[PDB]
Amino acid sequence: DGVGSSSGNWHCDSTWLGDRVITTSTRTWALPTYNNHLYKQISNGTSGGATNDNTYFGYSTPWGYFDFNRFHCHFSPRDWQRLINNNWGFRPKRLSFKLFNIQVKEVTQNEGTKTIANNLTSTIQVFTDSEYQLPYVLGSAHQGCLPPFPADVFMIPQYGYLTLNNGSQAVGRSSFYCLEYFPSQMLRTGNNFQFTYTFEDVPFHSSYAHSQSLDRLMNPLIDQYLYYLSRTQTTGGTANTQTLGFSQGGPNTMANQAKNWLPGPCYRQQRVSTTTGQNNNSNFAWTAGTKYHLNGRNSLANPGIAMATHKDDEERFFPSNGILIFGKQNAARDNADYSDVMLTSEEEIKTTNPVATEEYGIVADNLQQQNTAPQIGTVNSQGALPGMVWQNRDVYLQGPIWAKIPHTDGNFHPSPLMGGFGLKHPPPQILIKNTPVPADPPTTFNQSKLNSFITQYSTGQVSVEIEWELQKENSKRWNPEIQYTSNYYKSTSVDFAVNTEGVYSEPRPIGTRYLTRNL
Amino acid sequence: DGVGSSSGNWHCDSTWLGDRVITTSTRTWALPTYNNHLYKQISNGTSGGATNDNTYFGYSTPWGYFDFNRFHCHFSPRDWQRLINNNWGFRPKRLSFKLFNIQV
Amino acid sequence: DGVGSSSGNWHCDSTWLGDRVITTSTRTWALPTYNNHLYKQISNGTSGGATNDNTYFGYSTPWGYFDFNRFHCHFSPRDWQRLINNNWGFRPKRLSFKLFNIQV
Amino acid sequence: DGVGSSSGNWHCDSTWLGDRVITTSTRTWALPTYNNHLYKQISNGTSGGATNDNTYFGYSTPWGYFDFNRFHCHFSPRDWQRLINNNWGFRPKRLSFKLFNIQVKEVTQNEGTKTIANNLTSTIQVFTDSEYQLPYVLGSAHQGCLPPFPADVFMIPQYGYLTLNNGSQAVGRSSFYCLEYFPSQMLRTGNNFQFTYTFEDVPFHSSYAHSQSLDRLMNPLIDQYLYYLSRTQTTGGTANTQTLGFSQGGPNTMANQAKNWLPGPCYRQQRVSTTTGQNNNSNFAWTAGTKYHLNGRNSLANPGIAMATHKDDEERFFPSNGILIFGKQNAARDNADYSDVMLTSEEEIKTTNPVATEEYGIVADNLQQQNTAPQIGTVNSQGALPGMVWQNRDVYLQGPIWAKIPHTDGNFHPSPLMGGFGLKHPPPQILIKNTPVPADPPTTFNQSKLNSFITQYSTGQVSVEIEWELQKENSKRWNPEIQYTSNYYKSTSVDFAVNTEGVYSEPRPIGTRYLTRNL
């Protein structure tokens, strides 16, 4: 474990083995000293501009954390292509994490001339929250994951957390955590860190689309033996009176046929169009937004339960807060243009799932009588009903992978809404920090905590290995399937590649669901 | 025992085991050079303001010392809560001390 | 099994053992003859005051029953305090029931 | 274990074996139902007459308890005589307790005619507080111990306890105990109970008196080699000036001699006389009483630390609250006459202990100078000083035996002030109760607790066995010793015997300290 010997090698590869694929990626990182070595209380209240919906109480910390919860941390674009085009499903089995080649540096600033040198005897600290005792902040779709492009160098994100609040104030149950109250490894240059984790059994993600729909599973050529009420009134001439008539469902009355199953749950959302002209002229984004209400605070149900983005022939429409949206490269943080963002679509599930912007269905409102005409009600939110079947949201190359399932007495179908695999025991948080190095202390004792420190940062490499288990296709379909393909014709630059300026970009979102399977 | 390898790890924890609790804490420290490398005689006498009650004779030294004789050196507030709320008594049995990761 | 020998002893205690707590309680009881030795049909209908919401048909019996389905049947207040203050969870594992010292 | 067979036999005996004596006594008892089956809160406050000094908060219980903490529970008068006359010391080693021959009875009252019958199927409950979890009420010198005379039949005392109070009010730390929250044995007629206990090591009580005194341990015939300041001023004529003169202690100046030891501690008490005429005419009993002050309440220090009752030749005097006093038979509870009570005396300890009604000694008050004459102070309370030696209070045939030493961080010489042996783990409290038997319940359910019960009492016999270890005398004294003796001359009735009316009485208090031993 020398100053002069490397502690790691660079592993970035993929290997495919029948029913497994293993991915490895290595990236270079930089870690600053965060927060001036301090833990600070932060809050947001209702004074000034701030709304109640946005209040919080929390702490910010001197630590940083490692995040690889984005598919493109692990899969190259071509690899993602091999996966989606060929497999019905996949899931994660196990991972390996390595930190190595660690360099701690001190920066000296005199007279506007700045210099950087190694501090050989310096350490950094790392630990994993193996027991899940710290608030789990992965899974909230934050920035700071390993870059898609291997050549890119990245900065480690600062760690902070939230607890209960009333306005800008803490409450009795509010909790404070010190990360220094955990055991951590200390590494000098020449030391390394590693750990291994095994994923819990989780269902394969469905990289497939149904080629059948719930409302059409019958034999087109045959009648049912079952009957339905087809006529309530006589049909001939003007003297029409009530009657009862019954008919057998058949090829031309598939809508009426008796069926075994129901479409999935519905929490309806407002429809907006990409053709702006077709939209109402108000700013209705949050006012007409679909929301949930918790303890007096309102949150967008974004993106909410999975529903199809649009019905047949209407690519223009999307749910206002019902899809995942990714930025194009260098898209602005605020108020980016439609041309600067990429909207996902979940067409593939119209097959079993309600369209996002429409009713679930219709129910009776009242009791009909000779003097009372029957009335119906439109159902815009439907909870789980026996016989319902549904599909989860898709995952994307630039999307999230896993989430920690919250620790609660109950849940229904705990698949993370943003997409991915939901785990009771997800990959643990990995926290890293530069150890403080004091500048020279005073020569006579003072009890106050030291506030003068040498200025330091560290850089190193990090490796992640994941084994994924694959589910192969078993289709008897005669004709060819849809596949993700690169564009045939000439172009100014190559998709999923660099610029003349050296900027990698991902042009489109890529989903998982090209192959088909029956219902 | 290299320049480039750490000699210690950071242990700060509590474990409770029935009739024992074990506490560990780690802190970072800084030590200056004290006294210019010298031992100096010091005294306080009765001249000027000074009263008899406050007289002394002593020495000051170039050395520093480690002190962990305060309960909160070892117990977090929540830990202190588990202790006081649940036990009739406690006492100390043994200790371990480590100095590491030294930079001059 | 004599007229003159007791068939049971009075056990009312709590013992705490790490991850288990065991509670015991004993009480004295009295049982009357119920219903005059008869099973009787009972109902409530809609005549008079009575609403539909409250209708019933049933029987009443000569028997009595034992009920210990209330937490304080088993936990003393102090015991409940030790439990709630210190544990994330609890559940019931097994029970023993005894009837003794019977006098008619 | 039949209805018709006895479960115990009557054992009342003494056997002497060299260095042990074993005593057995059996008595008959009766237990009523106490408190109507209820636990009741009781308090005393400051309203009306009541003073602050007498406030309390507590509970009374349905239970009864067994008390044998009086020497005459175990020793017959003749036995006590063999013990005191012949042994330097004694202490308790172990005990056996038995309850047997139990009869539970129900009493029926109709029309002013009352009848008593057995209730064969009835039970009583017994338990020992082996773990000391209930407030220990023995050791406070209460009534209700087993009678001195074996033929007497006795009633079991009711159990009650006290906790913290403020005035008549409870405080946060006030505690409530239910005895039904302990396991107890249930016995029908024909069942029995027993247990065995071992006394912890405790020092032998001193049944001896010193034949030497602290101030006279020297050789009467020889001088000390040590000197003392004997003269501070010249003696001849009128022109007397200061000087220093030094002399050697000797036979005629024993008061001046250097010595190794000091007399025991002193908390001074007011002196009162049996000859009333010599007493001041006020009612000064509690106003001039020696007291301690705890949390704003004052209590007599009765009888307090052991000091001698009177000095030579003054039998008339006693400390106002410094001795134990016993009633003569049928003496009144309140305001009994001097002729109706028996006062103890602790003459025997004037040998090492200060007289109760006098100063410990004299100390300097100031600093003498040519212009300031020296001044002295009288010491009326003296705490422990190095070199002090002392003797404990005596024990009496009608006196207490043991006390529980309070559970505290500290104590000094934890010998109970009333006399006896102080134990961290004393003989446990034994609690007995009649089990409730309900009268007929109502024929339709009511949730209220039952308040109608059959009327019952129980009677039985109880046995205690104790082994005492003796310390034999080893005296080289030539002349005869003092001994307790029965009176030589004729008398109307025999001392320590019955009346023409069948009333046993104990005529005098008998102490333990007849034989002598050097210091």
Starting from the Cα of D:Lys291, draw a straight line to each of the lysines and keep only those under 25 Å, dropping any in the same chain fewer than 8 residues away.
-> D:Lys311, D:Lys350, D:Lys404
Low-density loop chymotrypsin sites (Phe, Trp or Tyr not before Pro), region D:172-202, at most 14 other Cβ within 10 Å, DSSP non-H/G/I/E/B, are D:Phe176
For chain D, give the share of DSSP beta bridges that are antiparallel, in percent and rounded to the nearest 5; count only bridges with both residues there.
-> 90
Selected from D:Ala331, D:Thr241, D:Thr351, residue furthest toward positive end of dipole (region D:197-353; charges at beta carbon) | D:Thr241
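Within region A:205-253, which chymotrypsin sites (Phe, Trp or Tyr not before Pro) sit in a loop by DSSP and count at most 10 neighbouring Cβ atoms inside 10 Å?
Details: sites: A:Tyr208, A:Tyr225, A:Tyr227, A:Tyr228, A:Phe246; in loops: A:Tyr208, A:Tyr225.
Here the sparse-neighbourhood loop sites are A:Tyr225.
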If every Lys and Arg gets +1 and every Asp and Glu gets -1 at its Cβ, then about the Cα centre chain A yields a dipole, in debye to the nearest 20, of 300
Cut-off 14 Å (backbone N to label point 7 Å along Cα→Cβ of A:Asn451), residues of region A:32-51 = A:36-39
Point-to-point label distance, A:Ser475-D:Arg333, nm (Cα→Cβ direction, 7 Å offset) = 10.4
Note: chain A, point scatterers on Cα, Debye, no solvent; log10 I/I(0) at q = 0.10, 0.13 Å⁻¹ equals -0.98, -1.49
List the GluC sites (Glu not before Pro) in region D:304-355 that DSSP assigns to loop (not H, G, I, E or B) and whose Cβ has at most 16 other Cβ atoms within 10 Å. Which are they?
-> D:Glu314, D:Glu315
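Highest mean first, what order results for A:5-16, A:388-399 on Cβ atoms within 10 Å? Present the calculation step by step, with values, prior to reporting the outcome.
Working: A:5-16: 13.8, A:388-399: 21.5.
Ranking the peptides A:5-16, A:388-399 by packing returns A:388-399, A:5-16.
How high is the relative contact order of chain D? Use alpha-carbon pairs under 8 Å, at least six apart in sequence, and give a whole percent. Don't skip to the answer; put the middle values down first.
Numbers: 1043 pairs, mean separation 138.5, N = 519.
Computed value for chain D: 27 percent relative contact order.
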D:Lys449: which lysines have alpha carbons under 22 Å from its alpha carbon, excluding same-chain residues fewer than 8 sequence positions away?
-> C:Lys98, D:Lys40, D:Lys433
Could you give me the radius of gyration and the Dmax of the protein assembly as shown, taking only the C-alpha atoms into account and expressing both in angstrom?
-> 47.5, 166
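Quick check on chain D: helices-only [θ] at 222 nm, where DSSP H runs of length 4 and up contribute -39,500 (n - 2.57) each and the sum goes over total residues. Nearest 500, please.
On the way: 1 runs with 10 residues, N = 519.
That comes out to -500 deg cm²/dmol.
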Ignore the peptide's own chain and count Cβ atoms of other chains within 10 Å of each Cβ in D:182-190; give me the average, rounded.
-> 6
Rounded to one decimal in nm, the spacing of the 7 Å Cα→Cβ label points at C:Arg82 and A:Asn44 is 4.7
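With each run of n ≥ 4 DSSP H residues scored as -39500 (n - 2.57), what mean residue ellipticity at 222 nm is computed for chain C after dividing by its residue count and rounding to the nearest 500 deg cm²/dmol?
Numbers: 1 runs with 10 residues, N = 104.
Here the helix-only value at 222 nm equals -3000 deg cm²/dmol.
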When you look at the Cβ of every residue in B:21-28, what mean number of other chain Cβ atoms sits within 10 Å?
-> 2
Count, for each residue of C:3-16, the Cβ atoms from other chains sitting within 10 Å of its Cβ, then give me the mean as a whole number.
-> 6
Determine the shape class of chain B: with a ≥ b ≥ c the square roots of the Cα gyration tensor eigenvalues, call it rounded for a/c under 1.5, and otherwise prolate if a/b is greater than b/c, oblate otherwise.
-> oblate
For the pair A:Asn281 and D:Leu17, how long in nm is the line joining their label points, each one 7 Å along Cα→Cβ?
-> 11.7
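When ranked by the protection proxy of mean other Cβ atoms within 10 Å per residue, highest first, what sequence do the peptides B:40-48, C:23-31 form?
On the way: B:40-48: 9.3, C:23-31: 14.2.
Result, highest mean first: C:23-31, B:40-48.
So basically every Cβ, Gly included, is an ideal-geometry build from the backbone, and we count neighbours across all protein chains shown. Read the figures in this text as sums done on the coordinates, not as results from a lab.
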